[PDB]
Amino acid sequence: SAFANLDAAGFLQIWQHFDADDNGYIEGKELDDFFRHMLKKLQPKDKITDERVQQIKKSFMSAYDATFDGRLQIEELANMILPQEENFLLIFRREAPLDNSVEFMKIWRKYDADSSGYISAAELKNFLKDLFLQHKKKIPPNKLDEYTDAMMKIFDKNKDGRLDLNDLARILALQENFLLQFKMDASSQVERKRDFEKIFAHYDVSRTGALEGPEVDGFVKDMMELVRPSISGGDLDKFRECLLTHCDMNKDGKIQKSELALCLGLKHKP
């Protein structure tokens, strides 16, 4: 029902369908179909007609741009469809792909030891340095500076001297992002947090502040099946393994409340 814009992740999923060889352009003829894909992604239960694809396509660009025949470079189409922040993320992910979320979380923990869901904004350049090292990616010092500066502009608007995990996780180049798995809107974080506390408490019968074994399986089924009603059984296994891959420190199979909150885009304050 509500209006939704494509984010950089979704834009890239669609783009790849049309530009499988990563030439960095599509032909203007594919532009109708690009919009049809976009509408199916954003409005999954809507029945998309030809007339709707034209009307929505025209809503995203000038009259003149709608008439354009030739190659549209990725940056050109991104400039039409994506807001600034998402535009930046699309470009950054293409020029400096960082695809290891396990190493990301390791570095996250170095800078956010108590799992608050924030790092000190003064630590951003060092955090990015560490992140590029864990990816075995050498970048020029001047790019490091440019990236730090660009990210401060988009992520430290709150200017309280903290950067949110929900923001910095988005700099990763993943086909489908491990954390950004969730709806991030105003009363979506309130409702998810209320559900989180109820369900975590339900399963933590021993009151130890961690879940393990059946408690984790239970928690995942229940949390997920209200976040995404009718979630396939395979996808519950996937997310369960994502948690184990990211939040299972020692080989013990225990998931702390604080770590579970972070995976859900939440913050646990003890």
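Don't overthink the numbering: it's just position in the shown sequence, from 1.
Of the two stretches examined, 102-110 and 175-183, the record assigns the greater average C-alpha temperature factor to 175-183. Taking the mean C-alpha B-factor of each stretch as recorded, 152-160 and 129-137 are not equal, and the higher mean is that of 152-160.
In the deposited coordinates, the residue among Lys58, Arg207, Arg228, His202 with the greatest CA B-factor is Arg228. Which of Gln73, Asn87, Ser116, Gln189 has the largest Cα B-factor in the deposited entry comes down to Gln189.
Among all modelled residues in its chain, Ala8 ranks in the lowest third by Cα B-factor.
Compared with the other modelled residues of the chain, the Cα B-factor recorded for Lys47 ranks in the highest third.
Among the modelled residues of its chain, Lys238 has a C-alpha B-factor that falls in the highest third according to the deposited record. Ranked against the other modelled residues of its chain, the C-alpha B-factor of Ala66 as given in the entry falls in the highest third. Among the modelled residues of its chain, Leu262 has a C-alpha B-factor that falls in the lowest third, as given in the PDB entry.
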